[PDB]
């Protein structure tokens, strides 16, 4: 059979954090939060910037990463929710993609997710960009 359906295009994505026991003396761990592609392939062709919002105890908790690799390394002692905002390239004409990640420091410790970003009703130009691989 055949039917008309809303256009949908998916892009695989890997995100999360790594951490290791080792800057204020209070901090006990070094950790790095990230958003990347599978096999570490480029994702900047459809992602313009990634903003990580850290705990309010950090100076300027809003950390904007505007070029790949979309990651940041910091020091700390406690686990907390890191807000992740993914901004797409301007051709997409898309709202910011908002989610969050539980920073894991305790059992090198790692907390990594391998999901996909689903784009519904993308415009023709952004569709061209997505199909450009």
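Residue numbers count along the first chain shown, from 1.
- The entry models residue 107 and residue 108 with a gap of 10 or more deposited residues left without coordinates.
- Counting the deposited residues that fall between residue 118 and residue 119 and carry no coordinates gives zero.
- Set 110 to 118 against 13 to 21 and average the Cα temperature factors; 13 to 21 ends up higher.
- In this entry, 23 to 31 shows the higher mean Cα temperature factor of the pair 80 to 88 and 23 to 31.
- Note on 99, 58, 46, 70: the highest value goes to 58, judged by CA B factor as recorded.
- In the deposited entry, the Cα temperature factor of residue 5 places it in the middle third of its chain's modelled residues.
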